[PDB]
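The structure appears right after this line, and notes come after that.
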Amino acid sequence: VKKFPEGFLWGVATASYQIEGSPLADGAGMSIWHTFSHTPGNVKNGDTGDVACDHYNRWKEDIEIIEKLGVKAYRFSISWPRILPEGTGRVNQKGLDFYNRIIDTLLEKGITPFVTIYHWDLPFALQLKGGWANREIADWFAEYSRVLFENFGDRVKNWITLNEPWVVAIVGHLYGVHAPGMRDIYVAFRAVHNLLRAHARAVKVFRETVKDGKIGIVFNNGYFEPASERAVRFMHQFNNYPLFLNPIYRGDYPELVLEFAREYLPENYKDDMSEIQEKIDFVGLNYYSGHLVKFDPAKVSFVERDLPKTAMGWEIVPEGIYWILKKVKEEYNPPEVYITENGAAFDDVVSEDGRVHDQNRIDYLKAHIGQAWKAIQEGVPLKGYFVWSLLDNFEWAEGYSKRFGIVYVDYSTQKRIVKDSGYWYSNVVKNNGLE
Ligand SMILES: OC[C@@H]1[C@@H](O)[C@H](O)[C@@H](O)c2[nH]c(CCc3ccccc3)c[n+]21
Numbered sequence: 034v035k036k037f038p039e040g041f042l043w044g045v046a047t048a049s050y051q052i053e054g055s056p057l058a059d060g061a062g063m064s065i066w067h068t069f070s071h072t073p074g075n076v077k078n079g080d081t082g083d084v085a086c087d088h089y090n091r092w093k094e095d096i097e098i099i100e101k102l103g104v105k106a107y108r109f110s111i112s113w114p115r116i117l118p119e120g121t122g123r124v125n126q127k128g129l130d131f132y133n134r135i136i137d138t139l140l141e142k143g144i145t146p147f148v149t150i151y152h153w154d155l156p157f158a159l160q161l162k163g164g165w166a167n168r169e170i171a172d173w174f175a176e177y178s179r180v181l182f183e184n185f186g187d188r189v190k191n192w193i194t195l196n197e198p199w200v201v202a203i204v205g206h207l208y209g210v211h212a213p214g215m216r217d218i219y220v221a222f223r224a225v226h227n228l229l230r231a232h233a234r235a236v237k238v239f240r241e242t243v244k245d246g247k248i249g250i251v252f253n254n255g256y257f258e259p260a261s262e263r264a265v266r267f268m269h270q271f272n273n274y275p276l277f278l279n280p281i282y283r284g285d286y287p288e289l290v291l292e293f294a295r296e297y298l299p300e301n302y303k304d305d306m307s308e309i310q311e312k313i314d315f316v317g318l319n320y321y322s323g324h325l326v327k328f329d330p331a332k333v334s335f336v337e338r339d340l341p342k343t344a345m346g347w348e349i350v351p352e353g354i355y356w357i358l359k360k361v362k363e364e365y366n367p368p369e370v371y372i373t374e375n376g377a378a379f380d381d382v383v384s385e386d387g388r389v390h391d392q393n394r395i396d397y398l399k400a401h402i403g404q405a406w407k408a409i410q411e412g413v414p415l416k417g418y419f420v421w422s423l424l425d426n427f428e429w430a431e432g433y434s435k436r437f438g439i440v441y442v443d444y445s446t447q448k449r450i451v452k453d454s455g456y457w458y459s460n461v462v463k464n465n466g467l468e
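Taking this note's numbering, the leading residue of the sequence shown gets 34, the next gets one more, and so forth.
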């Protein structure tokens with residue numbers, strides 16, 4: 034038996050473009066994920082977020098699933114171009130109304146909204162002006178965030194500026210695998226820097242607008258282990274929270290990031306560091322897998338290990354979640370931490386019995402929840418844990434071919450089938466831990 038602290042926030046998480054569909058409904062502007070996925074060759078099977086889980090219509094049912102499962106928190110994101118179709122200036126009341134209804138429904142059901150302000154669907158109109166490459170995005174983002182705080186901050190008290198700014202910068206602008214699909218290392222590091230400035234500006238406005246709320250930021254993290262007996266030190270500093278937390282807490286990028294990337298950063302990047310240090314209330318960590326890592330003349334390659342893997346091909350390494358939780362306290366001692374995403378893709382099928390017997394996912398969640406428990410026992414101020422995801426959904430460049438949900442979605446009918454893992458999780462939430 035592993036019981037969690039009183040009032041521990043058990044959650045599930047989604048993102049607007051991945052679940053909503055109807056990207057252009059009710060006066061919404063195009064996002065970069067709309068244009069990226071409608072470009073041939075970018076997404077597996079030519080899949081797009083045009084329909085997705087149709088959450089844009091089915092939102093009430095979906096929240097009723099959250100309620101029935103007894104889940105206590107919902108992390109969801111807001112589509113920037115639903116709110117400001119051109120990115121700045123005009124505010125679309127119908128986009129505000131869409132999320133207002135979600136927010137009021139969650140509150141009425143006593144479910145705590147965690148709102149991710151940016152989970153990757155930049156307005157296309159701002160991408161035309163360079164998007165994350167343009168320093169002015171700190172102003173655009175601040176204006177957007179202000180709108181959200183002004184309209185929703187009376188009810189929503191827990192806010193996340195950015196989901197996984199490393200992914201946004203590097204996967205979007207160096208690897209070219211995500212929107213806006215670019216491969217320029219100088220643009221990618223200017224996006225890193227501008228994401229920090231935009232984050233800090235948004236926190237600054239939050240303090241002026243929502244005096245009773247909490248705001249944080251979310252980072253992706255891998256558990257990197259050395260193949261033999263430094264490449265690990267670099268992967269952690271670059272791929273994990275330190276890329277952003279070293280600026281936020283210490284006023285500079287980490288040491289091995291500067292060694293590799295100084296030339297790609299703006300020359301006078303330090304001038305912005307004072308503002309980047311804006312105080313945050315919590316850190317969200319997303320964690321999924323581990324990686325065997327070796328020097329290789331970025332001077333690092335991964336090494337395949339046996340290990341059970343998910344359908345993503347991601348090595349299942351549960352002690353990784355413990356390690357990253359301990360490590361973030363050891364390095365930056367944030368006052369609160371949340372696991373804002375943890376989950377697994379498996380090749381789910383509906384059995385003849387009408388059920389989805391995803392024991393593989395139960396095993397994955399159970400193992401990680403157990404390790405997060407361990408971290409709490411050794412003093413990590415973990416305040417919550419969010420399963421990625423409530424629903425099978427549009428998995429970015431993998432399209433619909435990867436299912437991460439604890440609820441199965443039959444996309445032909447939009448039927449939701451609660452998976453064994455969903456039922457299992459509901460029991461964990463009800464009991465406030467494992468047994
Ligand atoms: O891959 C599953 C989930 C996504 O559906 C979420 O939107 C996103 O927040 C998220 N981040 C990660 C870990 C970082 C990552 C992103 C993209 C590709 C590979 C790793 C895994 N996930």
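Cβ coordinates follow ideal geometry from the N, Cα and C atoms, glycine included.
With C-beta atoms as the reference, is residue i less than 8 angstroms away from residue j?
| i | j | result |
| --- | --- | --- |
| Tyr132 | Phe185 | yes |
| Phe379 | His324 | no |
| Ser454 | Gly103 | no |
| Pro156 | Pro114 | yes |
| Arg230 | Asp314 | no |
| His71 | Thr81 | yes |
| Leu117 | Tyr177 | yes |
| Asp381 | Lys452 | yes |
| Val201 | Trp165 | yes |
| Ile99 | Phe147 | no |
| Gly128 | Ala61 | yes |
| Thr446 | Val251 | no |
| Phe109 | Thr149 | yes |
| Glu311 | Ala224 | no |
| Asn191 | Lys247 | yes |
| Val389 | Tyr444 | no |
Can you give me the C-alpha to C-alpha distance between residue i and residue j, rounded to a whole angstrom?
| i | j | result |
| --- | --- | --- |
| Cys86 | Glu431 | 15 angstroms |
| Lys407 | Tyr355 | 7 angstroms |
| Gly317 | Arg123 | 31 angstroms |
| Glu292 | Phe267 | 10 angstroms |
| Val413 | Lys362 | 6 angstroms |
| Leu289 | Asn393 | 37 angstroms |
| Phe437 | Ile96 | 18 angstroms |
| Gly214 | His206 | 6 angstroms |
| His211 | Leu159 | 16 angstroms |
| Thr242 | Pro299 | 31 angstroms |
| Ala106 | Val265 | 34 angstroms |
| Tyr456 | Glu262 | 43 angstroms |
| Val204 | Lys359 | 27 angstroms |
| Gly209 | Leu195 | 19 angstroms |
| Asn167 | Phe277 | 19 angstroms |
| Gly249 | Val238 | 13 angstroms |
Helix, strand or coil: which one does DSSP assign to residue i?
| i | result |
| --- | --- |
| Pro146 | strand |
| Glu262 | coil |
| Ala48 | coil |
| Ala378 | coil |
| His324 | strand |
| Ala106 | strand |
| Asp305 | helix |
| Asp130 | helix |
| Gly466 | strand |
| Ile372 | strand |
| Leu159 | helix |
| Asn253 | strand |
| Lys342 | strand |
| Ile248 | strand |
| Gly412 | coil |
| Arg123 | coil |
| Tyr456 | helix |
| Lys35 | strand |
| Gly317 | strand |
| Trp347 | coil |
Quick check: is any heavy atom of ligand 3 less than 7 angstroms from the C-beta of residue i?
| i | result |
| --- | --- |
| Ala48 | Ligands present in the displayed structure are limited to ligand 1, and ligand 3 is not among them. |
Looking at chain C, is there any beta carbon in it that lies within less than 8 angstroms of the beta carbon of residue i?
| i | result |
| --- | --- |
| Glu183 | Considering every chain present, this structure includes no chain C. It has just one protein chain. |
- Pair every Cβ in the segment 332 to 341 with every Cβ in the segment 354 to 371, then say whether three or more of these pairs are closer than 8 angstroms. no
- Query: Between the segment 134 to 151 and the segment 68 to 80, are three or more C-beta pairs nearer than 8 angstroms?
  - Reply: no
- Query: Does the segment 53 to 61 come within contact of the segment 391 to 410, defined as at least 3 CB pairs closer than 8 angstroms?
  - Reply: no
- Tell me, please, whether the segment 37 to 48 touches the segment 418 to 431 by the rule of three or more beta-carbon pairs shorter than 8 angstroms. yes
- Task: Give a yes or no on contact between the segment 207 to 221 and the segment 252 to 272, applying the rule of three or more CB pairs nearer than 8 angstroms.
- Result: no
- Query: Do three or more CB pairs link the segment 248 to 257 to the segment 345 to 364 at distances below 8 angstroms?
  - Reply: yes
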